[PDB]
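Engineer: One structure, pasted below without further comment.
In this analysis, Cβ positions are derived from the backbone assuming ideal geometry, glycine residues included, and neighbour counts consider all displayed protein chains. Where a number appears in this text, it was derived from the coordinates with a stated rule and is not lab data.
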Number of protein chains: 6
Amino acid sequence: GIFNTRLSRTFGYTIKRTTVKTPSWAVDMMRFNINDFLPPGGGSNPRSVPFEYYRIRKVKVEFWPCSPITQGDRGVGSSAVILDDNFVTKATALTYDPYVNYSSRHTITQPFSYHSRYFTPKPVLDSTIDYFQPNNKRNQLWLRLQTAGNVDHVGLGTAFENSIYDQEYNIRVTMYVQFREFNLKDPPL
Amino acid sequence: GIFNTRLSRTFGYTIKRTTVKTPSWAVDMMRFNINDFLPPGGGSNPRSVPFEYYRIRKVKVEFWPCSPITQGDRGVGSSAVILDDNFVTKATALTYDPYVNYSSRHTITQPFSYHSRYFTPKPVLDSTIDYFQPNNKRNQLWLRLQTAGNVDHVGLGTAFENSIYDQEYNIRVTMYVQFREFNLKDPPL
Amino acid sequence: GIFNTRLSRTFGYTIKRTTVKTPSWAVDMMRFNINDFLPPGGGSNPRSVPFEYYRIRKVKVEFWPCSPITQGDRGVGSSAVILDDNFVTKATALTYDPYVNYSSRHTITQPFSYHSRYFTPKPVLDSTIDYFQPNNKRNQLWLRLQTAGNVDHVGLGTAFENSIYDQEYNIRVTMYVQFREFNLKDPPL
Amino acid sequence: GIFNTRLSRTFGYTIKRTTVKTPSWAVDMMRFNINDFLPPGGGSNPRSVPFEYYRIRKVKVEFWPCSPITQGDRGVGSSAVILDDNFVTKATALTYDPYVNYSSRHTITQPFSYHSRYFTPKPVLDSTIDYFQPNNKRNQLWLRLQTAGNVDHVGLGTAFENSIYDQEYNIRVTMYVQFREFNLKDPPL
Amino acid sequence: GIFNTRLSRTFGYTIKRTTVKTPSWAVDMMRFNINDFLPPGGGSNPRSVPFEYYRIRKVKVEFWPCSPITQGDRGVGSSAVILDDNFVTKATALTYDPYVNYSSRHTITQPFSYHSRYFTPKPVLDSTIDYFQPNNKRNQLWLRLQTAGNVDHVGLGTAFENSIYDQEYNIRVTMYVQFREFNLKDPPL
Amino acid sequence: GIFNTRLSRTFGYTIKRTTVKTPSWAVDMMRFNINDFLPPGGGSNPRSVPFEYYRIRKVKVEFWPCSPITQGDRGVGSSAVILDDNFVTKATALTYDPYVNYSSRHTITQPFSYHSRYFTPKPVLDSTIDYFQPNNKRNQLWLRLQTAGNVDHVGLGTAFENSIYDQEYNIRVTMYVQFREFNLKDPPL
Ligand SMILES: O=C(O)[C@@H]1O[C@@H](O[C@H]2[C@H](O)[C@@H](NS(=O)(=O)O)[C@@H](O[C@H]3[C@H](O)[C@@H](OS(=O)(=O)O)[C@H](O[C@H]4[C@H](O)[C@@H](NS(=O)(=O)O)[C@@H](O)O[C@@H]4COS(=O)(=O)O)O[C@H]3C(=O)O)O[C@@H]2COS(=O)(=O)O)[C@H](OS(=O)(=O)O)[C@@H](O)[C@@H]1O
């Protein structure tokens, strides 16, 4: 019983100002979990979408700027796809862009420019070995939609060039999911 | 955002015994409401299936017998489709089968025989005028999935021939519904 | 060195009687392990079928009744396919059939009727995440035929309607397996 | 339930040295039994390959030398196929090669040369009459895989020319067999 | 960013002499890890090949002999492919060749003969269950190129026939690997 | 062993204000060396990218503005390709644009506008004679990847109109190179 749908979530991210003169970059990570998109249900149905299995097909991360088009001290960054839960260490002012030479690098124009990334994440099945599957719609694993313990999906790391002014963003993540085995429970009343 | 699914519900019906010698029939009615198939949800989602609109496409009423194949004093009844909320009055021992000459009559062999009816019900929009639409999948009205006040659908009346022995049935109603406008609400936690 | 064969096993299951008047259902689970079908071998060959690897292709669960065709208080249940080791909790008299709205539900006529289910199980690789593969004969994983520690395969849950009389069954599970790498060891004597 | 497989076995054979000056030959025989290739099983399965019937299709006898390529006093012998259990009498130093004029003679170069023979043996059904079947894959008799009393198959006799030095060989016999009627027994535990 | 290349490594293996008269075999195992082929890098690049992911496509194990062609007491062994990290126990003088009846057995002529094996190994993801994938270039898992903790690949076991003389070999393993996501880091200086 | 790839780097360039009233321009050159893009390796491998050879195909210079779009006192400049390491003399405020009439001139809008150039640089073999090859992908030379002594490549010089305000740019370079002769070294540990 397949049901492809779309789930979204919005949150903020700010790159604080720095008095540093050099071009330094701010590094951070981004994971994706389905608990943040799918709330708990009620009653005999533990989740709000009554299905048993799921598998995330795609994610769309949108960096919607919060800064005016008149803001100066512009910069240039990079967003890369990291499917293994080993990101570059979080840094405030690093002397280089680590994600620049990555094959999945897209340039981030800053601060007043929109940046989208559309890709297929991978689940963290074993963080010790960090193995994942290649892209195959027919062979992608089905995970279970747990009650409160779903596994973290992974796949984006960023590097933003710091500035004299604060750079704020409203980040909207949209997960395109595919469920299976409609499992609604209908007790009496 | 269409989602065709199937919702079921099971309950009992008994035709009590009678010392009456004549062939008399027991008349009863059967309505269908979605509150009995779809429970209330939890939180910002008032219902367990997160959709706004619905329209019932078909219903399958199954009379599953509870009586052995050795039971005697067998009989013959009738099930008809009544799409207007004006049934023959409920009777314990009526001297005739009212639903026998109906164009939608199917014979009910009793007591140990299975009887199915598969039809398209109609909602009770105005009980004073009792108007309904003909069968058209493209023009069928969309109703709202209310929180606790959904409208009764209608469409089956029965007439069972009484017997010296009690005739029990387990009735399983299955509604084939079609929802629209996925309306999940995801507050923070 | 492929060798497709068929292994069987027979055991009993009883649904005890209840004085409860309502229609209640008895819920139970069913797992499949190869130790119960393949005994230990002898000598340098740890198992009786001299192969290294295996993968279960299909299972046929047959509920052969033990009750006469004259037994009354008949009922109606459901059998569903549960490929993840999270079954509905075992219950003696539950007020509803949980497996009724499942997409893999087959109706169980009770008590004197035969019920078969033919499906492809999945192994329990990680019970925490509960991931499994879709059906693909070419990409199905090969497991190792361990000596005394094989992994449990999963895939059936049932719900039987209780009765005044005891409902007994002789359950015959047949696993259709596929082995690989003939590994017979022939020491002298 | 046919299963064609391959069973092997390795053992030694030595032609001891002789001070005799003349060219003399050492004669010996070679039978084939399935007990030497198939060990006893364990439990309710008396044999390690769980089948009832068998029939030997082919045998490959390989004389793998043990002697260096610098060894002198080389010689020339003969291997023939003897399907009736009446071999030339075993001799240490016979004044001629008895198997030389046989229609199934292959020359054995000695001592450091490989010799293979690939043929279809015959079972010893009656040693008094010594009757056997011609080669026909469709009409070949099925024998029973006994527990500890299988019948000897026959089909090779050799004649090695003696030498001043010892001539050792590692003989690897490979039987290509065909079983029938998978008969595994699975008691409880 | 794919880059198919070839990495090699050379090491020794000796089968010590034995006074035992019988034909006995020496059993040993062979695993493959990428730390032994890829050294650690320097600086911000933890490895010498600047890539993130890898997957081993093929391995070529070459037994280059160290013994002269005049060496006697020759023998015959077997090399088999074992993709699950459960080898036959290491033995000095075992009374039989365990890897002889394996479907992946290749004969090892000893001592002065070259033996190659070209196959696709499998990683040890779970040693408890020992599951692996079949051969599929498009669906083969990508592993991470760790810093100092890469996972062991597996796939060869051997059985050498012992001798009066020591049998030495220089074993050259060549792994054909496929990397992904060029991740060079270029800080200033 | 060919390997095409991409390397990049980022640095700043500013044009200090001038109280001069006339239209004056500021001149500066730009060289290209691989040591700035490719850090040193570690251990036996002197460089992080294990190859012997390289030859630059293309370079992509990117003038990313740091200024707002509201800035006044706009101007206009020029850039040109210079393949000999004999540029126009560096100047602060020159009364004309030297690089205007060059055939390889691309106009530069200032101060808030993007500017890019995509060309083939050339090496400096002999600064005295200043010779090179026409563009040819097949006949281009292969240079050696030295340890700390690689040669400077060349190919860009600029001219920026001065202003009352400071014009700051973030310059990103991108090189498209092509290596050869994979030269990895695997000592033991
Ligand atoms: O006759 C004249 O016009 C004289 O002009 C002035 O001499 C100045 C130079 O003009 C000035 N350079 S400017 O850019 O033209 O202003 C400055 O040169 C030094 C700078 O570090 C570099 O100059 S630049 O022109 O390349 O920018 C340059 O560094 C070179 C180095 O010279 C190279 N070796 S050499 O063989 O050429 O000597 C090589 O080592 O690479 C270096 C780095 O180059 S890179 O491009 O950065 O990679 O040369 C430097 C140098 O030679 O000193 O200084 C010159 C000397 O004057 S001062 O610095 O002592 O003041 C003078 O007048 S004024 O204009 O300064 O007032 C005067 O000598 C004449 O009028």
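Engineer: Has the range F:108-117 got at least one residue that is surrounded by fewer than 17 Cβ atoms within 10 Å (Cβ to Cβ), charged (D, E, K, R) and either more than 16 Å from the ligand (Cβ to nearest atom) or within 14 Å of chain A (Cβ to nearest Cβ) (or both)?
Structural biologist: No, there is no match, as no residue in the range F:108-117 is surrounded by fewer than 17 Cβ atoms within 10 Å (Cβ to Cβ), charged (D, E, K, R) and either more than 16 Å from the ligand (Cβ to nearest atom) or within 14 Å of chain A (Cβ to nearest Cβ) (or both).
Engineer: F:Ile69 passes all but one of (1) within 15 Å of the ligand (Cβ to nearest atom); (2) surrounded by fewer than 16 Cβ atoms within 10 Å (Cβ to Cβ); which number fails?
Structural biologist: Against the list (1) within 15 Å of the ligand (Cβ to nearest atom); (2) surrounded by fewer than 16 Cβ atoms within 10 Å (Cβ to Cβ), F:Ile69 comes up short only on (1).
Engineer: Would a scan of the range F:48-57 turn up a residue that is aliphatic (A, V, I, L, M), surrounded by fewer than 16 Cβ atoms within 10 Å (Cβ to Cβ) and away from the ligand (no atom under 16 Å from the Cβ)?
Structural biologist: Among the residues of the range F:48-57, not one is aliphatic (A, V, I, L, M), surrounded by fewer than 16 Cβ atoms within 10 Å (Cβ to Cβ) and away from the ligand (no atom under 16 Å from the Cβ), which makes the answer no.
Engineer: Would you mind stating whether B:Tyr96 is within 18 Å of the chain's Cα centre (by Cα), more than 14 Å from chain A (Cβ to nearest Cβ) and either under 29 Å from A:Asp186 (Cβ atoms) or not in a strand (DSSP E or B) (or both)?
Structural biologist: Answer is no for this residue.
Engineer: Quick one: in the range B:129-153, which of the residues that are surrounded by 13 or more Cβ atoms within 10 Å (Cβ to Cβ) and aromatic (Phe, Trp, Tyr) is farthest from B:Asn183 (Cα to Cα)?
Structural biologist: My answer is B:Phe132.
Engineer: Working only within the range E:99-147, note down all residues that are within 16 Å of the chain's Cα centre (by Cα) and over 30 Å from E:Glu168 (Cβ atoms).
Structural biologist: E:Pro123
Engineer: A follow-up question, please. Can you tell me which residue in the range B:76-97 is nearest to B:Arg17 (Cα to Cα), limited to those that are crowded, with 17+ Cβ neighbours inside 10 Å and not hydrophobic (A, V, I, L, M, F, W, C)?
Structural biologist: B:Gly77
Engineer: Regarding F:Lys16, is this residue more than 16 Å from the ligand (Cβ to nearest atom) and closer than 25 Å to F:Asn170 by Cα?
Structural biologist: Spelling it out, it is not the case that F:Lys16 is more than 16 Å from the ligand (Cβ to nearest atom) and closer than 25 Å to F:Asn170 by Cα.
Engineer: Additional query: Which one of the conditions (1) under 27 Å from C:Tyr96 (Cβ atoms); (2) crowded, with 17+ Cβ neighbours inside 10 Å does B:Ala159 fail to meet, given that it meets all the rest?
Structural biologist: If we test B:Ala159 against (1) under 27 Å from C:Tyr96 (Cβ atoms); (2) crowded, with 17+ Cβ neighbours inside 10 Å, just (1) comes out false.
Engineer: Another question, if that's okay. Take D:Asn101 and decide whether it is of a type in the set (S, T, N, Q) and within 14 Å of chain C (Cβ to nearest Cβ). Break it down into steps so the answer makes sense when it comes.
Structural biologist: Numbers: of a type in the set (S, T, N, Q): yes; within 14 Å of chain C (Cβ to nearest Cβ): no.
No, not satisfied.
Engineer: If you don't mind, there's one more thing I want to ask. What tally of residues in the range C:14-44 results from selecting those that are away from chain D (no Cβ under 11 Å) and either farther than 20 Å from C:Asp85 by Cα or in a loop (DSSP other than H, G, I, E, B) (or both)?
Structural biologist: 13
Engineer: Quick one: F:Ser44 ticks every box in (1) surrounded by 15 or more Cβ atoms within 10 Å (Cβ to Cβ); (2) out of contact with any strand residue (DSSP E or B) (no Cβ under 6 Å at 6 or more places or on another chain) except a single one, so which number is it?
Structural biologist: In the conditions (1) surrounded by 15 or more Cβ atoms within 10 Å (Cβ to Cβ); (2) out of contact with any strand residue (DSSP E or B) (no Cβ under 6 Å at 6 or more places or on another chain), F:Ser44 misses (1) alone.
Engineer: Same structure again: Given the criteria hydrophobic (A, V, I, L, M, F, W, C) and either within 16 Å of the ligand (Cβ to nearest atom) or over 27 Å from A:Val100 (Cα atoms) (or both), does F:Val100 qualify?
Structural biologist: Spelling it out, F:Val100 is indeed hydrophobic (A, V, I, L, M, F, W, C) and either within 16 Å of the ligand (Cβ to nearest atom) or over 27 Å from A:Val100 (Cα atoms) (or both).
Engineer: If you don't mind, another one. In the range F:72-90, is there at least one residue being over 19 Å from E:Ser44 (Cβ atoms), within 14 Å of another protein chain (Cβ to nearest Cβ), away from the ligand (no atom under 16 Å from the Cβ) and assigned to a loop (DSSP other than H, G, I, E, B)?
Structural biologist: yes
Engineer: Condition first: more than 9 Å from every other protein chain (Cβ to nearest Cβ) and among the aromatic types (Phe, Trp, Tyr). Now tell me which residues in the range E:121-172 satisfy that.
Structural biologist: Answer for the range E:121-172, where residues must be more than 9 Å from every other protein chain (Cβ to nearest Cβ) and among the aromatic types (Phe, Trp, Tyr): E:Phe160, E:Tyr165, E:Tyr169.
Engineer: Can you find, within the range F:1-12, the residue that is surrounded by the fewest Cβ atoms within 10 Å (Cβ to Cβ) among those that are more than 11 Å from chain A (Cβ to nearest Cβ) and part of a strand (DSSP E or B)?
Structural biologist: In this case the residue turns out to be F:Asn4.
Engineer: Here is a follow-up. Which residue, of F:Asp166, F:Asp126, is acidic (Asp, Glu), within 16 Å of the ligand (Cβ to nearest atom) and surrounded by fewer than 17 Cβ atoms within 10 Å (Cβ to Cβ)? So that I can check it myself, show each step before the final result.
Structural biologist: Details: F:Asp166 fails: within 16 Å of the ligand (Cβ to nearest atom).
Testing whether each residue is acidic (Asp, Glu), within 16 Å of the ligand (Cβ to nearest atom) and surrounded by fewer than 17 Cβ atoms within 10 Å (Cβ to Cβ) leaves just F:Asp126.
Engineer: Being touching a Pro at 6+ places or on another chain (Cβ under 8 Å) and farther than 11 Å from B:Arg57 by Cα is the filter here; which residues of the range B:119-141 pass it?
Structural biologist: B:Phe132
Engineer: For the range F:19-33, give me each residue that is surrounded by 12 or more Cβ atoms within 10 Å (Cβ to Cβ), more than 13 Å from F:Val88 (Cα to Cα) and away from the ligand (no atom under 14 Å from the Cβ).
Structural biologist: F:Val20, F:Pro23, F:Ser24
Engineer: Quick one: A:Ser104 ticks every box in (1) among the hydroxyl-bearing types (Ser, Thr, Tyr); (2) farther than 30 Å from F:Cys66 by Cα; (3) free of Cβ contacts under 8 Å to residues at least 40 places away in the same chain bar one, so which box is it?
Structural biologist: (2)
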